[PDB]
Amino acid sequence: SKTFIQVX
Amino acid sequence: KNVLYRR
């Protein structure tokens with residue numbers, strides 16, 4: 001269970 | 001850290 005948030 | 005931030 002992983003979440004990847006793209007920041008710039 | 002289950003939430004990883006991708007620069």
# chains A, B, ... in the order shown; residues from 1 in each chain; ligands from 1

$ residues_around --residues "residue 4 (chain B)" --least-positions-apart "2" --cutoff "9 Å" --atoms "only C-alpha atoms" --output "PDB file with C-alpha atoms, in the first residue's frame"
ATOM      1  CA  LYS A   2       1.975   2.962  -1.326  1.00  0.00           C
ATOM      2  CA  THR A   3       0.987   6.400  -2.601  1.00  0.00           C
ATOM      3  CA  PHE A   4       3.244   8.453  -4.943  1.00  0.00           C
ATOM      4  CA  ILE A   5       2.601  12.184  -5.157  1.00  0.00           C
ATOM      5  CA  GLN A   6       4.400  14.022  -7.948  1.00  0.00           C
TER       6      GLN A   6
ATOM      7  CA  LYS B   1       6.441   6.376   4.881  1.00  0.00           C
ATOM      8  CA  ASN B   2       3.616   4.970   2.773  1.00  0.00           C
ATOM      9  CA  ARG B   6       8.348  12.461  -6.328  1.00  0.00           C
TER      10      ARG B   6
END

$ select_by_dssp --residues "chain A" --states "strand (DSSP E or B)" --output "PyMOL selection string"
chain A and resi 3-6

$ decode --residues "chain A" --atoms "C-alpha atoms" --output "mmCIF file, in the first residue's frame"
data_model
loop_
_atom_site.group_PDB
_atom_site.id
_atom_site.type_symbol
_atom_site.label_atom_id
_atom_site.label_comp_id
_atom_site.auth_asym_id
_atom_site.auth_seq_id
_atom_site.Cartn_x
_atom_site.Cartn_y
_atom_site.Cartn_z
ATOM 1 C CA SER A 1 0.000 0.000 0.000
ATOM 2 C CA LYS A 2 1.975 2.962 -1.326
ATOM 3 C CA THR A 3 0.987 6.400 -2.601
ATOM 4 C CA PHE A 4 3.244 8.453 -4.943
ATOM 5 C CA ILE A 5 2.601 12.184 -5.157
ATOM 6 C CA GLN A 6 4.400 14.022 -7.948
ATOM 7 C CA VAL A 7 5.741 17.384 -6.800
ATOM 8 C CA UNK A 8 7.005 19.495 -9.740
#
